[PDB]
Structures are given as structure tokens and as C-alpha cells.
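Heads up: the structure comes next, in C-alpha cells.
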Amino acid sequence: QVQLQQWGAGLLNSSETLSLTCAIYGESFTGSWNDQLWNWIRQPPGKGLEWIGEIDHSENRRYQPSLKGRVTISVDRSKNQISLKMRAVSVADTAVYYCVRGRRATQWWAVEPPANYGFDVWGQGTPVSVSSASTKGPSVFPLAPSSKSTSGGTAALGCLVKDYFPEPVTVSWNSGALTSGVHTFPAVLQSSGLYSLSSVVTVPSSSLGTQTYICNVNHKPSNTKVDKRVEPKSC
Amino acid sequence: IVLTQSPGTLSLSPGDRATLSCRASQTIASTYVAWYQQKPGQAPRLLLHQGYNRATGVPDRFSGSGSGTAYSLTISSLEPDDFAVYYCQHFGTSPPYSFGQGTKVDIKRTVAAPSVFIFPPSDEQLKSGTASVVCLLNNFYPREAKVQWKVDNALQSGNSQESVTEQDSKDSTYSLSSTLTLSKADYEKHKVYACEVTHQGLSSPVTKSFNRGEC
Ligand SMILES: *[C@@H]1O[C@H](CO)[C@@H](O)[C@H](O)[C@H]1NC(C)=O
């Protein structure tokens with residue numbers, strides 16, 4: 001049962017040094033047939049998989065050339081732990097960083113191993129967010145319904161959960177009593193490094209004068225709880 | 001070595017045959033082609049290694065085929081748990097390793113045109129020196145949608161961000177949220193803020209707009 005557990009600080013300022021650690025369980029650094037390949041693969045928000053670096057059974061290291069020399073991968077053989085260090089982090093380096101086990105047969109007298117030339121075991125990953133912001137509760141602004149947000153008999157309204165850090169926030173409507181037609185979107189990483197998402201709900205236009213609408217926002221990293229009444233704008 | 005996957009999105013139902021393509025810029029040996037499955041909120045899962053060998057626990061329906069430049073992940077017939085993103089990878093004799101952009105297999109349904117809504121910046125946000133304008137596309141299918149921000153006489157670029165929900169569990173539709181963010185000083189320079197939406201379900205691009213200051 002090969003297992004990879006990851007830890008390390010995922011919240012860093014600009015230009016700081018990322019430091020992640022991966023502990024190997026169920027397997028040796030080299031493997032039984034000197035075929036183990038220990039890789040770091042990241043996935044920026046919304047994009048695909050980007051390879052970063054590798055250390056093999058011989059402790060040879062090969063890195064992604066696009067990262068220049070900012071990446072260093074080492075191993076503590078006494079602990080069976082691999083470390084990833086990325087220097088001078090940018091907002092572009094914000095991603096989920098996976099510790100991955102690969103395999104490539106190297107001994108000619110050996111049988112072809114399972115998952116040869118394949119990343120068969122992946123760690124759960126460590127989310128990394130580069131930003132200059134500290135832990136900040138969001139500002140909950142109303143997305144007020146009006147004659148510019150009505151399709152047929154249906155009005156749309158919501159809340160903008162803006163300028164918080166880090167992830168995540170939770171949004172509910174009327175203390176969870178309103179769920180039908182609700183859409184809470186995944187946050188986007190602003191240029192400033194803060195986060196921002198929108199939670200909306202479609203309702204009958206006539207209910208704007210007979211039903212109150214409140215978005216319940218909860219940002220546990222900052223212990224910020226905001227209840228925002230969203231009222232229709234008349235004009 | 002660049003891997004290009006196609007199509008960008010595959011809309012199928014259970015029982016249909018999925019054929020995902022992976023094309024390399026150069027000729028690669030089958031031993032170096034891997035395929036992965038990834039679902040939202042989960043690490044990727046190895047499906048095929050060395051071009052055609054199924055990884056441990058991969059069901060029979062997942063098969064691989066091809067040689068030279070064209071390789072394929074073929075699901076005989078989709079099961080309900082096969083809707084995910086699939087990546088192909090070049091796992092060569094030495095790094096670097098490159099992945100394709102991916103192919104998303106979603107649930108097929110009838111075309112649903114989005115409902116478009118536009119939200120002005122709230123007075124609370126303007127008092128802090130920032131103006132966010134939100135455009136909402138509600139419960140549409142397929143996922144392909146074009147959202148263009150126009151402020152007065154200028155199409156906007158580099159000042160908005162998009163966010164799409166997963167395919168709904170009830171009606172299998174998508175929803176999108178686009179946020180145009182401007183400084184308060186720039187926001188008050190213009191009047192007409194418009195959101196143009198192109199989708200397969202709309203006979204023509206639907207534009208939702210408002211006039212700043214006006215009503
Ligand atoms: C960035 O630096 C400031 C000042 O040192 C600090 O308050 C803030 O928490 C830092 N941000 C992160 C994400 O560590």
C-alpha cells in the first residue's frame with residue numbers, strides 16, 4: 001500500500017521560498033528494482049497538469065526548464081521524505097502541488113513492473129496560494145435585482161464575496177432555507193492575490209416584495225460571519 | 001514534444017462510445033503514452049500506461065489504441081461514473097514530461113439557452129473606491145458560451161474574470177459568472193456597461209446593459 005502524504009506552508013508572500021515535504025509510505029526510495037521516480041506535479045486553478053521536477057532512485061534530479069533554476073528537489077533518505085523548494089514565487093506559481101510516484105524499469109534482468117512509465121500513485125496535494133495579503137475577511141456586497149436582471153418572470157439576485165484570503169468561504173441563503181435555483185461559483189484569484197466569488201439565485205420577480213433574501217457568508221480563516229440583506233433596487 | 005487532445009469537450013450519455021484523441025508533435029513509441037482520469041476535487045487517476053496496458057483496478061471498458069502520432073482512449077460504453085476530465089501524457093525515458101490540455105466528457109442533454117442578467121456595482125462597494133460589474137448566465141447547455149464586456153465604445157480585455165459551476169445534478173446545465181472590475185475613478189468616466197452573450201440556444205447574441213447614474 002504505497003502512500004504519499006504532503007505537508008508544508010501553502011500561504012506565501014511574493015518572492016518567498018516555497019517549502020513542501022512529501023513522506024513516502026509503503027515503498028522505499030529506490031524500490032525493489034531501482035525503478036522509482038518521485039515527481040512533483042502542479043495544477044494551477046482551472047488549468048491542467050504541469051510537471052515541475054523529479055528525483056529518481058539514483059538521487060538524480062531533473063527540473064522543468066521553464067522554471068529556470070528556481071526549483072530544488074532533495075530527499076531525506078533517513079526519513080524517506082522528499083522536499084520541494086521553489087524560490088522567488090510569483091502569483092503564477094499559485095497551484096495545487098502533487099507528490100507523485102512514477103516508475104521506469106532500469107534492470108534488464110527484471111520483469112516489467114506494474115504501471116511502468118506511469119504515474120500510478122498521487123498524493124492528496126497541498127494547495128499553494130501566493131499573495132501579499134494577510135488573513136482578511138470578505139466584504140459582502142449586494143447583487144441587487146432590478147429591471148436589468150429579469151428574464152421573463154424571473155429575477156436574479158446574489159452577493160459578491162470579494163477580497164478575502166485565503167480560501168474558502170461558505171455561502172447560504174436564508175440560513176439554508178433557500179436552496180432551489182442557487183448557484184455559488186468557484187472563487188477566482190484576483191491580481192492582488194485576494195479571492196472573490198459570487199453566489200446568486202433566481203426567484204420570481206413578484207417575490208421581491210414579499211420575501212426577504214439574505215446571503216449567509218462564513219470565512220472561517222478570519223472568523224468573519226456576514227449576513228447581507230439583498231434588496232431590490234427601485235428606480 | 002507537444003500533446004494536443006481533441007475534442008475539447010465530449011457530450012455523451014451512458015452506453016455511448018467515447019473516443020478521445022491524443023496527437024503528438026513528433027512520433028512517439030507506445031511505451032511512452034499514459035492516460036489519466038480526474039474528477040473535481042480529486043487527484044488524477046492513472047488509467048492506461050505504456051499506451052494500452054490498463055492500470056490496476058481500471059475496468060474493461062477503458063482501452064487504449066493507436067501508434068506513431070495518433071493515440072486513443074476508448075471507453076466501450078460510458079458508465080455513469082466516467083464523466084470527468086481525461087489527460088494524455090508523454091512518459092518518456094527521461095524528463096521533461098508533458099501533458100495534453102485535456103478532454104472533458106460531460107452529460108449530453110437538450111440545448112438550453114442561458115438567462116442573462118447584469119448587476120451594477122453596489123453603493124457599498126463604490127464607497128470604497130472599486131466598481132465590480134457582474135454578468136450572470138444561468139442554466140445553459142452546452143458549456144460553450146461567449147461573454148464579451150463592452151464599456152461605451154470599447155470592448156473590454158484584461159479586467160474581467162469568469163467562473164463556471166459544475167454540470168448540475170438536477171438538470172445537467174451550466175452557469176457562468178463574469179465580473180468586470182474597475183477602479184471607481186475609471187468606472188465613473190463611462191456610462192453604458194454591457195454584457196454580450198453568445199450561445200447555441202440564443203437566436204442572436206443577447207445584450208444586457210445598464211447606464212451608470214441613470215435608471
Ligand atoms: C505578507 O506579508 C505581510 C507583512 O509581513 C503579512 O502580514 C502577511 O500575512 C503576508 N501574507 C502571507 C500570505 O503570508
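Just remember, in the C-alpha cells the first chain shown is A, the second B, etc., residues are 1-based per chain, and ligands are 1-based in the order shown.
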Checklist line | Distance filter 6 Å around ligand 1, atoms: only C-alpha atoms and all ligand atoms, out as a ChimeraX atom specification | finding: /A:11-13,131-134
Writing out the chosen residues with N, CA and C atoms as a tab-separated table (two decimals), in the first residue's frame:
chain	number	residue	atom	x	y	z
A	11	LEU	N	0.71	29.16	2.12
A	11	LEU	CA	0.41	30.58	2.04
A	11	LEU	C	1.71	31.35	2.16
A	12	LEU	N	2.11	32.01	1.07
A	12	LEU	CA	3.39	32.71	1.00
A	12	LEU	C	3.20	34.08	0.37
A	13	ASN	N	4.03	35.03	0.81
A	13	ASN	CA	4.10	36.34	0.17
A	13	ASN	C	4.81	36.22	-1.18
A	131	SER	N	0.42	35.37	-2.43
A	131	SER	CA	-0.25	36.65	-2.29
A	131	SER	C	0.45	37.45	-1.20
A	132	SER	N	0.35	38.78	-1.31
A	132	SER	CA	0.87	39.66	-0.28
A	132	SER	C	-0.14	39.94	0.82
A	133	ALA	N	-1.39	39.50	0.66
A	133	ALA	CA	-2.43	39.79	1.62
A	133	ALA	C	-2.31	38.88	2.84
A	134	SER	N	-2.73	39.40	3.99
A	134	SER	CA	-2.85	38.60	5.19
A	134	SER	C	-4.27	38.04	5.27
Next item on the list: Pull out every residue of chain A that has at least one atom within 8 Å of chain B, counting only C-alpha atoms, and report them as a VMD selection string.
Entry: chain A and resid 47 to 51 54 62 to 64 98 104 114 to 125 141 to 145 148 to 151 156 183 to 188 198 235
Next item on the list: Extract the full set of strand (DSSP E) residues from segment 49-227 of chain A according to DSSP on the backbone, and format it as a ChimeraX atom specification.
Entry: /A:50-56,61-63,71-76,81-86,95-103,121-122,126-130,139-143,150-151,154-164,170-173,182-184,188-189,195-204,214-219,224-227
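Within 8 Å of residue 185 of chain B there are residues 129, 188 and 189 of chain B, counting only C-alpha atoms and ignoring same-chain residues fewer than 3 positions away.
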Quick one: which segment 33-95 of chain A residues come within 9 Å of segment 18-27 of chain A, and what is the nearest atom pair for each with the distance in Å to one decimal, counting only C-alpha atoms, rows ordered by chain and ascending number, as CSV?
residue,atom,partner,partner_atom,distance
A:79,CA,A:23,CA,7.7
A:80,CA,A:24,CA,5.7
A:81,CA,A:23,CA,4.3
A:82,CA,A:22,CA,5.0
A:83,CA,A:21,CA,4.3
A:84,CA,A:20,CA,5.0
A:85,CA,A:19,CA,4.7
A:86,CA,A:18,CA,4.8
A:87,CA,A:18,CA,6.3
A:88,CA,A:18,CA,8.2
A:89,CA,A:18,CA,7.0
Write the residues of the selection above to a file with N, CA and C atoms, as a compact mmCIF listing (two decimals), in the first residue's frame.
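Done, and the output landed in selection12.txt:
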# COMPACT_ATOMS: atom_id res chain seq x y z
N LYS A 79 14.57 9.52 6.56
CA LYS A 79 13.15 9.64 6.83
C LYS A 79 12.27 9.20 5.67
N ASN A 80 12.86 8.88 4.51
CA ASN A 80 12.11 8.56 3.30
C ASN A 80 11.17 9.71 2.92
N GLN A 81 11.68 10.93 2.99
CA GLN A 81 10.91 12.13 2.70
C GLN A 81 11.57 12.92 1.58
N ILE A 82 10.74 13.40 0.65
CA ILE A 82 11.18 14.26 -0.44
C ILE A 82 10.73 15.68 -0.14
N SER A 83 11.59 16.65 -0.45
CA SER A 83 11.28 18.05 -0.24
C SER A 83 11.30 18.79 -1.57
N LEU A 84 10.33 19.68 -1.76
CA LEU A 84 10.27 20.57 -2.91
C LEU A 84 10.45 22.00 -2.44
N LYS A 85 11.41 22.70 -3.03
CA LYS A 85 11.64 24.11 -2.75
C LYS A 85 11.57 24.90 -4.05
N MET A 86 10.74 25.94 -4.05
CA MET A 86 10.62 26.85 -5.18
C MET A 86 10.93 28.26 -4.70
N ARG A 87 11.90 28.90 -5.33
CA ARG A 87 12.39 30.20 -4.90
C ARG A 87 11.74 31.32 -5.71
N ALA A 88 11.59 32.48 -5.07
CA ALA A 88 11.04 33.68 -5.69
C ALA A 88 9.69 33.40 -6.34
N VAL A 89 8.73 33.00 -5.51
CA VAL A 89 7.41 32.63 -6.00
C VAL A 89 6.70 33.86 -6.54
Note to self: DSSP on the backbone: which residues in segment 169-208 of chain B end up as helix (DSSP H, G or I)? Give the answer as a ChimeraX atom specification.
What the structure shows: /B:184-187
Notebook entry, point to check: Between B:204, B:195, B:141, B:130, which has the minimum distance to residue 182 of chain B (counting only C-alpha atoms)?
Noted result: B:130
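Using only C-alpha atoms, the smallest distance between any of B:106, B:16, B:144, B:81 and residue 197 of chain B comes from B:144.
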